[PDB]
Amino acid sequence: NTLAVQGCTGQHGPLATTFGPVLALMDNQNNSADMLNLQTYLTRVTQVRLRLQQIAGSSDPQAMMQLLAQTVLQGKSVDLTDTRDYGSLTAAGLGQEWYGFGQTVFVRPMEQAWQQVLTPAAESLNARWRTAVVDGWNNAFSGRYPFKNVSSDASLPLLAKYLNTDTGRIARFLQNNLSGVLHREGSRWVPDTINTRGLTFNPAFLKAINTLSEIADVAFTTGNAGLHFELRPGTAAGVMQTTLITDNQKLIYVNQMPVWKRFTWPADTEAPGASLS
Amino acid sequence: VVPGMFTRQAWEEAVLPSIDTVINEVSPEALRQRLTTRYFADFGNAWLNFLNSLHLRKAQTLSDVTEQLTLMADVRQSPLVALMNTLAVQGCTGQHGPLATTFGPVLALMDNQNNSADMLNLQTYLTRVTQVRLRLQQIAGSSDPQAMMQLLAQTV
Amino acid sequence: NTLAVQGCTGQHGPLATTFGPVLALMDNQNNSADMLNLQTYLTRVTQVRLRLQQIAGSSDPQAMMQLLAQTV
């Protein structure tokens, strides 16, 4: 208002080429009916605020905060990514002379919500990973060999439901919740370099599931537990015969010309075990 | 270059007296139509061969491209609103005008009166080309731009 | 600007070869000089300011500082 009263000094005015653009916003006469107009921004920014009142209370907002911040990192039209793409459109249209004012009031107070909507939603991926994978993993492989040095065994056809590369319950969690920030490049997972402004991974977590997708490419290649390694026996001072039995596959070596016995693991035999005599 | 001799100050001054020197020297007031429209048909035909001659400055390496689209779509300091301003002043010589069938369409762009409200209008091109420039500032810096450049050039 | 008006004393002038290249910058009558001028340069340095403004923004773990430097 007070900027409009001083764009008409003199007499349209003499300085109407310099206050020209900013007086062209607050017009709403819009004979084109598709101007930028600074209305249809204040009813664009207030339909962003009305989204952030549905969130912040009523109810369970960390759940809803991710579900906003998840659909900006992959898609569009939320609209917190659209008003910034409307607010910048006026500000770059002003003059490249009112830069610093157009950057202050048209793009900044929408961008300030984005840095505010991230760090709560980054917490909601922690409580949808300890209750979606870790409390399935620990519920079945707590205190089993080869995790903890005990007598019992982890269950192999249940192990291949977790660490696959296509349909495993780890690799089907990252393709649903981390669709923007995590790539399946090659065999490892890498952080996506775009869309990681202020969003850091725990550097043990990248070391974890680049290991669980490295066992997945050695042992669990075909979709189930199976690999083929070859043993060649050796000689030793004063041993007449060594017998290695794995899963009813023998290797009896009585110091003849050594060969290669192509084993497999785990074979579907009647008494799987290992023994050395 | 257009040779002069044609602009709005050359019509108001020194051809309207100058047509009156040769007509006294066949009914003259009927040739005053039969000479001006022969001049006006050669008025447009020296402008059309000026504007159709212009090419665009060969730019490269993505910063000169995004610096053109700043400078092309920036009111108060650009061509194409300073060019079409001076193109608007010479589409109204004579008196709508007599040559308004030849500068007709290019004056129909820079109107923004648009009683249909779906014209082509040359605004809604400079706020269309500047939402392409605004894409290429998100790319070219901030951040990791070779990654983002594929993700544009893949979906085209 | 002070250097601009002093390159036209006399009457383009008799001080041509001493203020040649420096007054070839601001002129915009250098229509074939590969355009090599002052005005693009100051906007060529305002975006190195703007990319450094974001590092002057958050820079929260001292990373995202080097994420603009990882491009270098």
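Points worth noting:
- When region C:36-51 is limited to residues that are surrounded by 13 or more Cβ atoms within 10 Å (Cβ to Cβ) and within 19 Å of B:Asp144 (Cβ to Cβ), the one that is farthest from the chain's Cα centre (by Cα) turns out to be C:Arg51.
- Here A:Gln29, A:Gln70 are screened, and the one residue that is of a type outside the set (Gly, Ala, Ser) and loosely packed, with under 14 Cβ neighbours inside 10 Å is A:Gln29.
- Of all residues making up region A:186-240, the number that are of a type in the set (S, T, N, Q) and within 26 Å of A:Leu276 (Cβ to Cβ): 1
- Here the helices (runs of 4 or more DSSP H) wholly within region B:38-156 that include at least 1 residues being within 11 Å of another protein chain (Cβ to nearest Cβ) and either surrounded by 14 or more Cβ atoms within 10 Å (Cβ to Cβ) or not acidic (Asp, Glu) (or both) are B:63-72, B:130-133, B:135-140, B:145-153.
- Within this structure, C:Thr17 passes the test of being farther than 28 Å from B:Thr66 by Cβ and over 17 Å from the mean Cα position of the chain (by Cα).
- Yes/no for A:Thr235 being in a strand (DSSP E or B), over 30 Å from A:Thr131 (Cα atoms), over 30 Å from the mean Cα position of the chain (by Cα) and among the hydroxyl-bearing types (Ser, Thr, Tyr): no
- Residue satisfying condition, being surrounded by 12 or more Cβ atoms within 10 Å (Cβ to Cβ), in a loop (DSSP other than H, G, I, E, B) and touching an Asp or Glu at 6+ places or on another chain (Cβ under 8 Å), within set A:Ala267, A:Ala225: A:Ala267
- Taken over region A:200-217, the criterion of being among the small types (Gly, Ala, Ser) and under 23 Å from A:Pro120 (Cβ atoms) is satisfied by A:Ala204 alone.
- Region B:55-97, subset within 30 Å of B:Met149 (Cβ to Cβ) and basic (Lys, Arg), residue farthest from the chain's Cα centre (by Cα): B:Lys58
- So A:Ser213, is it of a type outside the set (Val, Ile, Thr), within 30 Å of A:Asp268 (Cα to Cα) and surrounded by 15 or more Cβ atoms within 10 Å (Cβ to Cβ): yes
- Checking region A:159-177 against the condition returns a match, with at least one residue being farther than 24 Å from A:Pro120 by Cα, more than 14 Å from chain B (Cβ to nearest Cβ), outside any loop (DSSP other than H, G, I, E, B) and over 16 Å from the mean Cα position of the chain (by Cα).
- Residue match in region C:12-24 (condition: in a helix (DSSP H, G or I) and either touching a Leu at 6+ places or on another chain (Cβ under 7 Å) or surrounded by 11 or more Cβ atoms within 10 Å (Cβ to Cβ) (or both)): no
- Residue match in region A:179-201 (condition: in a loop (DSSP other than H, G, I, E, B) and either closer than 23 Å to A:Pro266 by Cα or aromatic (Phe, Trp, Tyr) (or both)): yes
- Members of region C:37-72 that are away from chain B (no Cβ under 11 Å) and assigned to a loop (DSSP other than H, G, I, E, B): C:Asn37, C:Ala56, C:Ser58, C:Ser59, C:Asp60, C:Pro61, C:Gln62, C:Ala63, C:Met65, C:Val72
- For region B:94-126, the set of residues classified as hydroxyl-bearing (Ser, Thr, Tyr) and either over 18 Å from A:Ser32 (Cα atoms) or touching a helix residue (DSSP H, G or I) at 6+ places or on another chain (Cβ under 9 Å) (or both) consists of B:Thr101, B:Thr102, B:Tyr125, listed by residue number.
Readers should treat all values here as calculations from the given coordinates under stated rules, not as data from a laboratory. Virtual Cβ from ideal backbone geometry, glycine too; neighbours counted across all protein chains shown.
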